[PDB]
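Listing of work.cif, mmCIF, C-alpha atoms and all ligand atoms
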```
data_entry
#
loop_
_atom_site.label_atom_id
_atom_site.label_comp_id
_atom_site.auth_asym_id
_atom_site.auth_seq_id
_atom_site.Cartn_x
_atom_site.Cartn_y
_atom_site.Cartn_z
CA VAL A 3 -7.91 -0.10 -9.80
CA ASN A 4 -9.17 -3.55 -8.78
CA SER A 5 -12.50 -4.95 -7.51
CA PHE A 6 -11.56 -5.71 -3.89
CA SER A 7 -13.99 -3.83 -1.60
CA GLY A 8 -14.15 -2.91 2.11
CA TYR A 9 -10.48 -3.58 2.93
CA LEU A 10 -8.44 -1.59 5.42
CA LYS A 11 -5.11 -0.50 4.00
CA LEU A 12 -2.21 -1.56 6.28
CA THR A 13 0.74 -0.60 4.04
CA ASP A 14 1.53 0.42 0.48
CA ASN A 15 0.76 -3.14 -0.68
CA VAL A 16 -1.09 -5.04 2.09
CA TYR A 17 -4.85 -4.81 2.72
CA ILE A 18 -7.01 -6.66 5.26
CA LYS A 19 -10.70 -7.47 5.73
CA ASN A 20 -12.91 -9.51 8.06
CA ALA A 21 -14.25 -11.92 5.46
CA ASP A 22 -14.78 -15.56 4.56
CA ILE A 23 -12.15 -16.20 1.88
CA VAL A 24 -14.57 -18.59 0.13
CA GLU A 25 -17.32 -15.97 -0.13
CA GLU A 26 -14.78 -13.35 -1.08
CA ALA A 27 -13.33 -15.52 -3.86
CA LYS A 28 -16.83 -16.30 -5.19
CA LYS A 29 -17.58 -12.57 -5.45
CA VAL A 30 -14.29 -11.17 -6.76
CA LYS A 31 -13.10 -14.10 -8.91
CA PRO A 32 -9.52 -12.98 -8.34
CA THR A 33 -6.69 -14.00 -10.64
CA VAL A 34 -5.08 -15.81 -7.66
CA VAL A 35 -6.57 -17.21 -4.45
CA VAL A 36 -4.06 -18.61 -1.96
CA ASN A 37 -4.77 -21.91 -0.22
CA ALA A 38 -3.35 -22.78 3.20
CA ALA A 39 -2.08 -26.11 1.91
CA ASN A 40 -0.10 -28.98 3.39
CA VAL A 41 2.66 -30.85 1.54
CA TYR A 42 0.28 -33.65 0.51
CA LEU A 43 -2.40 -31.24 -0.77
CA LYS A 44 -4.89 -33.06 1.50
CA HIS A 45 -7.54 -30.38 1.86
CA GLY A 46 -9.27 -31.68 4.97
CA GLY A 47 -9.94 -28.69 7.19
CA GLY A 48 -9.27 -25.06 7.87
CA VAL A 49 -9.08 -22.79 4.84
CA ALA A 50 -8.13 -25.72 2.59
CA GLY A 51 -11.11 -27.83 3.59
CA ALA A 52 -13.43 -24.87 3.04
CA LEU A 53 -11.98 -23.93 -0.37
CA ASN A 54 -12.08 -27.55 -1.51
CA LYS A 55 -15.68 -27.99 -0.33
CA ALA A 56 -16.67 -24.90 -2.33
CA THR A 57 -15.22 -26.58 -5.48
CA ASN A 58 -17.36 -29.71 -4.87
CA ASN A 59 -14.08 -31.65 -4.28
CA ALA A 60 -12.68 -30.78 -7.74
CA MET A 61 -9.70 -29.12 -6.04
CA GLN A 62 -8.91 -32.40 -4.23
CA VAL A 63 -9.24 -34.47 -7.44
CA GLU A 64 -6.83 -32.15 -9.27
CA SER A 65 -4.48 -32.12 -6.28
CA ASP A 66 -4.34 -35.92 -6.04
CA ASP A 67 -3.26 -36.11 -9.68
CA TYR A 68 -0.63 -33.40 -9.03
CA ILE A 69 0.84 -35.35 -6.10
CA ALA A 70 0.78 -38.66 -7.97
CA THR A 71 2.88 -37.04 -10.71
CA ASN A 72 5.17 -34.72 -8.72
CA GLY A 73 5.29 -35.94 -5.13
CA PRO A 74 4.78 -33.74 -2.08
CA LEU A 75 5.55 -30.06 -1.83
CA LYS A 76 8.20 -28.67 0.51
CA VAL A 77 7.24 -26.83 3.69
CA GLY A 78 7.65 -23.21 2.59
CA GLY A 79 6.91 -24.15 -1.03
CA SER A 80 3.97 -23.81 -3.38
CA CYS A 81 2.38 -24.88 -6.62
CA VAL A 82 -0.07 -23.19 -9.00
CA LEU A 83 -3.19 -25.18 -9.85
CA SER A 84 -6.66 -24.30 -11.11
CA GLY A 85 -8.85 -21.89 -9.18
CA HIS A 86 -11.93 -23.87 -10.28
CA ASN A 87 -15.10 -21.82 -9.62
CA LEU A 88 -13.33 -19.54 -7.13
CA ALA A 89 -10.49 -17.83 -9.06
CA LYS A 90 -8.45 -18.19 -12.22
CA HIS A 91 -5.63 -19.89 -10.29
CA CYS A 92 -5.09 -21.29 -6.82
CA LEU A 93 -1.62 -20.82 -5.34
CA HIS A 94 -1.28 -23.68 -2.84
CA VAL A 95 1.26 -22.45 -0.26
CA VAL A 96 2.60 -24.59 2.59
CA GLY A 97 3.28 -22.62 5.73
CA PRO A 98 4.88 -24.44 8.67
CA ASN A 99 2.39 -26.27 10.90
CA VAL A 100 3.37 -25.64 14.53
CA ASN A 101 1.22 -28.53 15.60
CA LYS A 102 3.69 -30.69 13.60
CA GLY A 103 6.82 -29.04 15.04
CA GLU A 104 7.84 -27.31 11.79
CA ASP A 105 10.30 -24.41 11.91
CA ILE A 106 8.53 -21.06 12.06
CA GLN A 107 11.36 -19.41 10.18
CA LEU A 108 9.93 -21.23 7.17
CA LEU A 109 7.02 -18.79 7.31
CA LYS A 110 9.06 -16.13 5.49
CA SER A 111 9.93 -18.61 2.72
CA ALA A 112 6.22 -19.47 2.42
CA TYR A 113 5.23 -15.81 1.97
CA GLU A 114 7.98 -15.30 -0.65
CA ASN A 115 5.85 -17.39 -3.03
CA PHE A 116 3.33 -14.52 -3.10
CA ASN A 117 5.91 -12.28 -4.83
CA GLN A 118 5.52 -14.31 -8.03
CA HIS A 119 1.97 -12.90 -8.43
CA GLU A 120 1.07 -9.24 -8.87
CA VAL A 121 -2.25 -9.45 -6.94
CA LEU A 122 -3.56 -12.15 -4.57
CA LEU A 123 -6.46 -12.91 -2.23
CA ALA A 124 -4.97 -14.81 0.71
CA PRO A 125 -5.39 -16.01 4.29
CA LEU A 126 -2.73 -15.50 6.93
CA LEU A 127 -0.25 -18.33 6.45
CA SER A 128 0.27 -20.74 9.34
CA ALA A 129 -2.69 -19.22 11.24
CA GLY A 130 -5.77 -21.12 12.37
CA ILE A 131 -5.24 -24.87 12.67
CA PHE A 132 -1.59 -24.48 11.60
CA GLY A 133 -0.94 -23.16 15.10
CA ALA A 134 1.16 -20.02 14.58
CA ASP A 135 0.45 -16.63 16.12
CA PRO A 136 -1.59 -14.69 13.52
CA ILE A 137 -0.09 -11.38 14.68
CA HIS A 138 3.36 -12.79 13.83
CA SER A 139 2.07 -14.10 10.51
CA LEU A 140 0.76 -10.64 9.60
CA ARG A 141 4.11 -9.08 10.49
CA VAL A 142 6.00 -11.56 8.30
CA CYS A 143 3.51 -10.96 5.48
CA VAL A 144 4.01 -7.19 5.59
CA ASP A 145 7.80 -7.54 5.80
CA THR A 146 8.06 -10.15 2.99
CA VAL A 147 5.34 -9.67 0.38
CA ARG A 148 5.97 -6.82 -2.04
CA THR A 149 3.09 -7.57 -4.43
CA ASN A 150 -0.49 -6.53 -3.70
CA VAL A 151 -2.09 -8.85 -1.15
CA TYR A 152 -5.70 -8.77 0.08
CA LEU A 153 -5.91 -10.71 3.35
CA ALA A 154 -9.19 -12.28 4.42
CA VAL A 155 -9.54 -12.99 8.15
CA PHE A 156 -12.52 -15.18 9.00
CA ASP A 157 -12.74 -14.42 12.72
CA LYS A 158 -14.03 -10.92 13.54
CA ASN A 159 -12.46 -10.96 17.00
CA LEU A 160 -9.11 -11.92 15.52
CA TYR A 161 -9.49 -9.32 12.76
CA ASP A 162 -10.07 -6.57 15.32
CA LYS A 163 -7.07 -7.74 17.34
CA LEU A 164 -4.85 -7.80 14.23
CA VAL A 165 -5.82 -4.24 13.25
CA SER A 166 -5.61 -2.81 16.76
CA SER A 167 -2.15 -4.32 17.39
CA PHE A 168 -0.68 -3.56 13.94
CA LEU A 169 2.50 -1.51 14.02
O1 LIG B 201 -9.69 -21.89 8.90
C1 LIG B 201 -9.85 -20.76 8.59
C2 LIG B 201 -8.82 -19.73 9.01
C3 LIG B 201 -8.83 -19.42 10.50
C4 LIG B 201 -7.68 -18.94 11.09
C5 LIG B 201 -7.67 -18.64 12.44
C6 LIG B 201 -8.81 -18.85 13.19
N1 LIG B 201 -8.75 -18.56 14.60
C7 LIG B 201 -9.78 -18.43 15.40
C8 LIG B 201 -9.27 -18.20 16.64
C9 LIG B 201 -7.89 -18.21 16.57
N2 LIG B 201 -7.57 -18.44 15.30
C10 LIG B 201 -9.97 -19.33 12.61
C11 LIG B 201 -9.98 -19.62 11.26
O2 LIG B 201 -10.95 -20.34 7.84
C12 LIG B 201 -12.10 -21.11 7.98
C13 LIG B 201 -12.77 -21.23 6.56
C14 LIG B 201 -12.83 -19.93 5.96
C15 LIG B 201 -14.14 -19.52 5.48
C16 LIG B 201 -14.94 -20.62 4.91
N3 LIG B 201 -15.28 -21.67 5.95
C17 LIG B 201 -14.12 -22.01 6.85
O3 LIG B 201 -14.22 -22.81 7.72
#
```
Serialized structure, structure tokens:
Amino acid sequence: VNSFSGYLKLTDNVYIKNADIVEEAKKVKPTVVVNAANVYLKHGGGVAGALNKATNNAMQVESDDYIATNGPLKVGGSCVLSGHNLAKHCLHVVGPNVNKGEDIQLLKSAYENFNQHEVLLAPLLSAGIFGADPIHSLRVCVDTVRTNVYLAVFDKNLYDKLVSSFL
């Protein structure tokens, strides 16, 4: 039993809710919140900008030190950093950004990072300003993640479309 509330169960291990991932993280304080990161951990907009804003820019400060030490992530890769006031840990995962021409096949590799964590609160990777089809992202999530994932979808219209079209 965990504290996630109001989710629709899609599969044995994948759950979905129309929710603001920031507000959801603040309420649940999950062990792991996933950020929709880029390789530079520049949290300017989308989910990343919103999560970083909620940390009063502490996420960005920590991220800049991480990059200065380690260099950029790979597309499809991840790193574990602090969850600040939102979660114990933040798993920064880089899905391919279609508006940069990145290969969508890398979306499966991106979701594989979730399997290193037993339970996660997450957005749909490569959705939103990353330019991929969220229906495709949900399919890859379900077919790749084996650990327990609680997906937060900000847009109610998109949420309803994702549920109604889910196979
Ligand atoms: O960026 C996102 C994710 C997102 C993904 C897809 C869409 N989308 C709309 C139409 C088509 N796709 C919109 C948003 O979350 C925004 C965050 C989360 C909550 C806190 N404040 C924010 O701004």
* Asked: Near residue A:41, within 7 Å and counting all atoms listed in the file, which residues show up once chain neighbours fewer than 6 positions away are dropped, as a list in words?
  -> residues 74, 75, 76, 77 and 96 of chain A
* Could you tell me, counting only C-alpha atoms and all ligand atoms, which protein and nucleic acid residues lie no more than 6 Å from ligand LIG 201 (chain B), written as a PyMOL selection string? => chain A and resi 22-24+48-49+52+129-130+156-157
* To do: Write out as a PyMOL selection string which residues come within 12 Å of stretch 29-34 of chain A when counting all atoms listed in the file, dropping same-chain ones fewer than 5 positions away.
  => chain A and resi 4-7+21-24+81-95+115-125+150-152
* **Selected residue of minimal separation from residue A:79 among A:51, A:105, A:146, A:111, counting only C-alpha atoms** =>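 That would be A:111, the residue with the smallest distance to residue A:79.
From atom CA of residue A:155 back to atom CA of residue A:28, the distance works out to 15.6 Å.
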* Which residue of A:50, A:61, A:140, A:70 approaches residue A:153 most closely, using all atoms listed in the file -> A:140
* Mind giving me the straight-line distance from atom CA of residue A:154 to atom CA of residue A:18 in Å, one decimal? =>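 According to the coordinates, atom CA of residue A:154 and atom CA of residue A:18 are separated by 6.1 Å.
In this structure, atom CA of residue A:66 sits 22.0 Å away from atom CA of residue A:127.
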* **Of the listed residues A:80, A:58, A:128, A:71, that which approaches residue A:100 most closely, counting only C-alpha atoms** =>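 For residue A:100, the nearest of the candidates is A:128.
Proximity ranking of A:113, A:134, A:158, A:149 relative to residue A:101 places A:134 first, based on only C-alpha atoms.
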